[PDB]
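Notes follow once the structure below has been shown.
Just so it is clear, none of the values below were taken in a lab; they were calculated from the coordinates. Methodologically, a virtual Cβ is constructed for each residue, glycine included, from the backbone with ideal geometry; neighbour enumeration extends over all protein chains shown.
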Amino acid sequence: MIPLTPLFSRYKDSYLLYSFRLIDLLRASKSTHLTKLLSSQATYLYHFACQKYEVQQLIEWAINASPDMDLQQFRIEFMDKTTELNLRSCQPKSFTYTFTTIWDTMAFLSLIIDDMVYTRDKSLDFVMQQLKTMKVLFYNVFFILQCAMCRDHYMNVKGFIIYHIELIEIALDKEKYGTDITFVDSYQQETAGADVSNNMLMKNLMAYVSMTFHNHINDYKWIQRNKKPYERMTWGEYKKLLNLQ
Amino acid sequence: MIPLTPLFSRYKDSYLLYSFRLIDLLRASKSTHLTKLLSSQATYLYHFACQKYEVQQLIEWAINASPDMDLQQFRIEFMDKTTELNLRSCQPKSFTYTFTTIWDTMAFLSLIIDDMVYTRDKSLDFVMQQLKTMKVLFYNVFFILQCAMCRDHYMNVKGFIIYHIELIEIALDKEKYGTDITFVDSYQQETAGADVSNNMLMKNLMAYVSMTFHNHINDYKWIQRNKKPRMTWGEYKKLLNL
Ligand SMILES: Cc1cc2nc3c(=O)[nH]c(=O)nc-3n(C[C@H](O)[C@H](O)[C@H](O)COP(=O)(O)OP(=O)(O)OC[C@H]3O[C@@H](n4cnc5c(N)ncnc54)[C@H](O)[C@@H]3O)c2cc1C
Ligand SMILES: Cc1cc2nc3c(=O)[nH]c(=O)nc-3n(C[C@H](O)[C@H](O)[C@H](O)COP(=O)(O)OP(=O)(O)OC[C@H]3O[C@@H](n4cnc5c(N)ncnc54)[C@H](O)[C@@H]3O)c2cc1C
């Protein structure tokens, strides 16, 4: 499992805040299509929180919650409902919602993907069905906060993340057909390999993808705001921060 | 600019065929939104082929061409309209439309990007606006042929390409601010470099990206088809003289 770290503790909390604000939309959904999308997203999101039937109850309760409540009201009723459904574990400890709330949620999901691929068993079908759900979650990241330019940017470049999930998928698919997964420690080793029958995969790939992608957005926003850009996050510091080995 | 090789000639020809089939959609478009999008991709596409006013006439002609012509008929009048607008250059020499037609278009566009950044002049605003247009183009590739699964997949992973276009923009943005672009022979030195004062960018980045991506889709399709099972950068550079 994932190394219990201060940073990973925030991630898990922003992840619950994220899931909470997501089901809050359900009341106000103005399309059957978005209602379906929200409820699967939330169901999936809780499906990775470290009982499905109590979660169905929570989701169904959110669908029917009054559209005339404000968010603080929804919050209080949410707290009772998770209390009543023995889902106190879903209750966020902090409700201040920001960009970091989203970054953490994405980082948390990435760590769970690496962990699944680490702790797999030759259940290989299982992890490949999980990864497909992961693709659906990353494809449909809601901002909830307003940042129209963040939404347009993310819909341009989110294939970067989803591309690396498909790599893992291709790696596991090979391990089904006989070539085992060789784990390497650098992204350069991994890409150098796929430029040939090898099956090399970078250890903690998605964490690295997560970190790189976060750095990419922050580099680019200096183009967007038009200014001259000062301490970027690096894979080394990140592994230390998360006790990734 | 681009090494004239046999393979590049086919890319050029598929590029036109792709452009031809796209403007044929305009007459049948079922929304203002698709109409605006098609006519803009078309205008952009011709803008990268080697006058703008005569391309506007062509596209305006496509917009009003009768929705009741079949496509063979549309081809006849396109061949006349281009002949009349001195756009014989935009005439495809082959109309056999296939996945390869699409691959070649994407490959062609990638080569244009790599070429503009190579033949740049420290006109940095010019190429930085051309790349934005390139982003819209890769975001909006129509399959035209019918492959629902293909549209779904490409809509999923297309940001992989677009991401590397942004890298180039981050690269030319740094070169405008005093750190020069250091060109580099491998993807690996590029990615390792950003993980640290530096402005390294791999030579023929988009050709490599185009080739890796093409490989990715074909690897992944043995998952989708549920079956048991490749072009390499070295062979690719030889075939194109990069
Ligand atoms: C999907 C998404 C898309 C976005 N698109 C845009 C956009 O297009 N234009 C725009 O102006 N803003 C965009 N943003 C917001 C932007 O990326 C920053 O969050 C914003 O600039 C706020 O600045 P910050 O430094 O306070 O946040 P951040 O720099 O993101 O810091 C938040 C936390 O994350 C940690 N962190 C910082 N960098 C990294 C890193 N590389 N890797 C891992 N952890 C890191 C830090 O510990 C910090 O605690 C986007 C955010 C998200 C989640
Ligand atoms: C954006 C896009 C998305 C697609 N998504 C799917 C999908 O999801 N599922 C599916 O089943 N099919 C998909 N396809 C079609 C698929 O990739 C192939 O074109 C199709 O399977 C036919 O295979 P082929 O071997 O005959 O042609 P291809 O393998 O596509 O090759 C056609 C030509 O391109 C050259 N070529 C081959 N590989 C490369 C490479 N790595 N780099 C550069 N040139 C190369 C070859 O010289 C060949 O002549 C997609 C195509 C495109 C353009």
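In units of 2.2 N^0.38 Å, what is the alpha-carbon radius of gyration of the protein assembly as shown?
1.06
Among the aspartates and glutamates, which have Cα under 17 Å from the Cα of B:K81 when same-chain residues fewer than 8 positions away are ignored?
Qualifying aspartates and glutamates at Cα under 17 Å: B:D24, B:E54, B:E60, B:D70.
Given the convex hull over the Cα atoms of chain A, what projected area results after averaging over all orientations, in nm²?
14.9 nm²
Kindly identify the stretch B:123-242 as rounded, prolate or oblate by the Cα gyration tensor criterion: order the square roots of the eigenvalues as a ≥ b ≥ c, call it rounded if a/c is under 1.5, otherwise compare a/b with b/c, prolate if a/b is larger, else oblate.
prolate
Which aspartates and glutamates have a Cα lying under 16 Å from the Cα of B:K93, excluding residues fewer than 8 positions away in the same chain?
B:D13, B:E77, B:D80, B:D104
Taking H as built 1.01 Å from N, whose amide H comes closer than 5 Å to the amide H of B:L201, not counting residues under 5 places away?
Long-range HN contacts for B:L201: B:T182, B:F183, B:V184.
How large is the helix-only mean residue ellipticity at 222 nm for the protein assembly as shown, computed as the sum of -39500 (n - 2.57) over DSSP H runs with n ≥ 4, divided by its residue count, in deg cm²/dmol to the nearest 500?
Helix contribution divided over all residues of the protein assembly as shown: -22500 deg cm²/dmol.
Taking each residue of A:177-188 in turn, how many C-beta atoms of other protein chains fall within 10 Å of its C-beta, and what is the average?
2
Based on alpha-carbon centroids, what's the gap between the stretch A:15-68 and the stretch A:190-224 in Å, whole number please?
31 Å
In straight Cα distance, which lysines are under 16 Å from A:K176, not counting same-chain residues fewer than 8 positions off?
The reachable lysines, counting only those whose Cα sits under 16 Å from A:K176, are A:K122, B:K221, B:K227, B:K228.
Quick check for me: using +1 on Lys/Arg Cβ and -1 on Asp/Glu Cβ, what's the dipole size of chain B about its Cα centre, in debye to the nearest 20?
Using Cβ point charges on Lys, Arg, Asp and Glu, chain B gives about 660 debye.
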